[PDB]
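**Student:** Protein chains in written order, with UniProt numbering: chain B, 30 to 120, 122 to 144; chain H, 30 to 145; chain G, 30 to 145; chain E, 30 to 120, 122 to 144. One structure is given below, represented as structure tokens, and several questions about it will come after.
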Amino acid sequence: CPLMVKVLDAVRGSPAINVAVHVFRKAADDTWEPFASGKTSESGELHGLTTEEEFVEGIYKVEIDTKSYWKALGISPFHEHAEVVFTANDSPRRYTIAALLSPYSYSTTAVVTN
Amino acid sequence: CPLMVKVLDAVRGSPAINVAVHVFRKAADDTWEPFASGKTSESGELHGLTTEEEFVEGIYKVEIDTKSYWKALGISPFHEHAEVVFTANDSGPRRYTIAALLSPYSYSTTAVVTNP
Amino acid sequence: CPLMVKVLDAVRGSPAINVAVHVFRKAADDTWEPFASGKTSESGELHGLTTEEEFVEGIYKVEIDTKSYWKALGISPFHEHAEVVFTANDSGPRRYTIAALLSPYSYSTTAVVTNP
Amino acid sequence: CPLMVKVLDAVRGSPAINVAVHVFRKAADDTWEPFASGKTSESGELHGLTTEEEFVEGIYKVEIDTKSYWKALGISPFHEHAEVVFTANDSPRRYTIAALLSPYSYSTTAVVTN
Ligand SMILES: O=C(O)Cc1ccccc1Nc1c(Cl)cccc1Cl
Ligand SMILES: O=C(O)Cc1ccccc1Nc1c(Cl)cccc1Cl
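Quick look at the structure:
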């Protein structure tokens, strides 16, 4: 599993469950190409987005549909989503994209390991 | 000032100086139209991006050029740039402060929204 | 102003107002001696805690009373209070801004350190 | 495992390895009593600090020795440590205390689950 997403709720102190995540790859013409997607599990985790064979070097965008998440909890959010844009690089790389969510704030970190 | 950006450096314990910022607005046709751009000052702040008249209701994207910043300092960062996307002024004019705290492999961003 | 505190609310997208702050200094005998205290204003800022003369070299603890804050608003938070412990002024006098961003189950804190 | 600590490095984008963690319980006389301790593993994780039988309701402090961590990497840190003070409460509770570290900044979150 080369690319994993982890999403947490800073208001309830829990995994953020059933959050839609869309991954895009940057094409040669600079448009964003749909690459992979899913919903976070009960652990707030999203696995099996892609394989090592497909996950070539390039610029990727991970879009976390945070607005819909806060809406379903009855809370008015600030952001449309959270966007994590980065270059995948063969020179470590099991990528964990973690995001902590608040109504008016989010943080994201990359955990890159062998 | 209706839209302002503040950036801090979590490695140096300092304002993030000379950080390029590009602001876009979602157009009728769903494309990101260039709206405003600037660079953070010595205080890590960016003011005078727009006016109260030009800053109408819409979906805005604030792109903080974090990679260029860390690179300009001999650090190879994870992110290309931090992207803050939000609907602004949908219940009348508000004033927005987009705050960001930067580490090479992490950032957090928060919004301060006040009613003038 | 050599020591200042700024607090934001990540739930409301606002300054955290009326947040109690207690500052302690490590004494010769290793105990935490009361140093200064105050409350954040409408801007979420706390100034005038100490002077440049009183703020000598030492290990300081800034206690931001986050539980009291969230409780005063009908939210049951995780943390009792955020604790920022640091050595100050060990290479001559500096000015410190302790910044904190609060969520019910999370906070981040950063330091802005400037040479006057 | 009622209490788990996870520590990450925001500069290198990795688990923070070999970080000393000390847990204290608040005594009736308001002093901090040594409760449990350890070093974070290669995954930046610390498990088996305590058991359900011992982890009774009360105020606990998790002290993360961040200064020593940054020193060993040759980096001058701001904080003496990171302190996470909280009440353990029987009314969820598998507690994960997560901390993300930078030289002049840290964030911490509680992930509390059933
Ligand atoms: O991911 C973030 O940036 C938010 C954050 C803040 C404080 C402590 C931990 C985390 N994230 C986090 C968590 Cl809560 C668990 C596993 C891995 C990570 Cl990166
Ligand atoms: O800016 C953010 O979103 C994160 C953050 C984390 C910890 C401490 C401060 C901040 N932000 C922040 C900033 Cl960038 C300026 C003034 C006051 C604050 Cl609280």
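Beta carbons are placed, not taken as given, at the ideal position from N, Cα and C, and that holds for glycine.
1. With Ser-72 of chain E as the anchor, note down where its beta strand (DSSP E) starts and where it stops.
2. Are there three or more Cβ pairs, one per stretch, closer than 8 Å when the region 70-81 of chain E is compared with the region 56-73 of chain G?
3. Checking contacts by CB at 8 Å: is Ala-117 of chain B closer than that to chain H?
4. Could you tell me the distance, in whole angstroms, from the CA atom of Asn-118 of chain G to the CA atom of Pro-31 of chain G?
5. Listed in chain order, which residues of the region 33-54 of chain B have Cβ atoms closer than 7 Å to some Cβ of chain G?
6. Please state whether the Cβ-Cβ distance between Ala-129 of chain B and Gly-42 of chain E is less than 8 Å.
7. In the DSSP assignment, what residue or residues form a beta bridge with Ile-104 of chain H?
8. Would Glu-109 of chain H and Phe-115 of chain B qualify as a contact pair, given that the criterion is a beta-carbon distance under 8 Å?
9. Does any CB atom of chain B fall closer than 8 Å to the CB of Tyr-98 of chain G?
10. Confirm the yes/no value for this check: CB of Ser-135 of chain B, any heavy atom of ligand 2, distance under 7 Å.
11. Which partner residues does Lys-90 of chain G have in the DSSP bridge list?
12. By the criterion of Cβ-Cβ separation under 8 Å, what are the contact partners of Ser-137 of chain G in chain H?
13. Does the beta-carbon distance from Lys-68 of chain E to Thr-126 of chain E come in below 8 Å?
14. If contact means a Cβ-Cβ distance below 7 Å, which residues of the region 68-96 of chain B contact chain H?
15. Strictly below 8 Å CB to CB, what residues from chain H border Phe-107 of chain B?
16. Check whether the Cβ atoms of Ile-104 of chain H and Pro-133 of chain H sit closer than 8 Å, and answer yes or no.
17. Where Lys-90 of chain B and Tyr-136 of chain H are concerned, what is the direct C-alpha to C-alpha distance, given to the nearest angstrom?
18. Starting from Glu-82 of chain G, follow its DSSP beta bridges and name the residues at the other end.
19. Could you check the C-alpha separation between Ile-46 of chain E and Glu-71 of chain G for me, to the nearest Å?
20. Check for me: the beta strand (DSSP E) holding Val-48 of chain B runs from which residue to which?
21. Can you tell me whether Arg-124 of chain B is buried or exposed, with buried defined as 16 or more other CB within 10 angstroms of its CB?
22. Per DSSP, what kind of secondary structure is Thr-60 of chain H in: helix, strand or coil?
23. Run through chain H and tell me which residues come within less than 7 Å of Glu-112 of chain B, C-beta to C-beta.
24. Among residues of its own chain, excluding the 5 on either side of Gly-87 of chain H, which ones have a beta-carbon nearer than 8 Å to its beta-carbon?
25. In chain order, what residues of the same chain lie with their CB nearer than 6 Å to the CB of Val-50 of chain H, ignoring the 5 residues before and after it?
**Tutor:** Quick look at the numbers:
1. Neither: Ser-72 of chain E is in no beta strand (DSSP E) and is coded neither H nor E.
2. no
3. no
4. 10 Å
5. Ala-39, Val-40, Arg-41 and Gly-42
6. no
7. Bridge partners of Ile-104 of chain H: none, in fact.
8. yes
9. no
10. yes
11. G:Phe-53 and G:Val-114
12. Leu-130 and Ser-137
13. no
14. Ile-88
15. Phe-115, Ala-140 and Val-142
16. yes
17. 15 Å
18. Paired residues: none, contrary to the question.
19. 41 Å
20. Unbroken run through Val-48 of chain B: none, as it is neither H nor E.
21. exposed
22. coil
23. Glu-112 and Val-114
24. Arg-54, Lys-55, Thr-116, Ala-117 and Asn-118
25. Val-34, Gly-67, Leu-75 and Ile-93
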